[PDB]
């Protein structure tokens, strides 16, 4: 009977939508994605066969938003403004990349005839401490919202990937039940690997000899993979782990040259896509898009696995 109509702000490649669709909420829903990134939109449209609204969220009018007649807000705002450097200088609140998310809560939400009955926000841990969210929290509270938040990682529910993120769950009804995480069907890094990767993905020997020791290396059996970020395969450190197909448990070495013969390679875009929990039919392999472009979008996406469970909680007032 009841329906879920979502405005997918900062839709990107449709991580928030994917999360909902794979969850057990099982209420048919509609999605209206907003994003100015042409490449990201192309992937979204390719997979969801729906057009992305490119209206800039910095200045979008209340009227246009309300014309959508939606009752749900999904969003993962730009995360750049939220590091210790910017935040310790109190510059996050004035950061132009935060202008869109402040606009939505300052200028839109408090004036809607029908406030969204459910709101889901995803961002980096430091967002929780930002002046931006501090204000958003106050606004939500003043507008009669109940708010539950959590900082967690996919590994917490048995997914072999470290991506610690901050999640905000807001709605107009109080939460009767304690939030709960369930362990996902057991899986290893093995389960996400493509089985015939082109050699164009293996780490060049010259790169190995110069920065090989900086890589976080994993085998098909190792505990987890590191957080995949935008610049994966471009910048060595902190952008994601690489894979060794020779050892179930990568055994560390002392010299870079010792890595030369372990057939090291980057994870493919399709592999990251599977690790982030997108549907088997979902693909960033849009015609014309290079691996870099796909890596960038994927690096900026989400863990559909985690969000699926948190959304089921957010919407637990729609059952029984």
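Numbering follows the first chain given and starts at 1.
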Of 84-92 vs 118-126, the stretch with the larger average CA B-factor in the entry is 84-92
Which has the higher mean CA temperature factor in the PDB entry, 241-249 or 158-166?
241-249
Member of 63, 55, 276, 46 with the greatest C-alpha B factor (per the PDB record)
46
Based on the PDB record, which member of 216, 222, 107, 149 exhibits the highest Cα temperature factor?
222
Compare the C-alpha B factor of residue 27 with those of the other modelled residues in its chain, then answer lowest, middle or highest third.
highest
Going by the CA temperature factor in the PDB record, which third of the chain does residue 286 belong to: lowest, middle or highest?
highest
Residue 112 by Cα B-factor - lowest, middle or highest third of the modelled chain:
lowest
For the chain shown, is the CA B-factor of residue 143 in the lowest, middle or highest third of its modelled residues?
lowest
Hey, what third does residue 70 fall into on Cα B-factor, ranked over its chain?
lowest
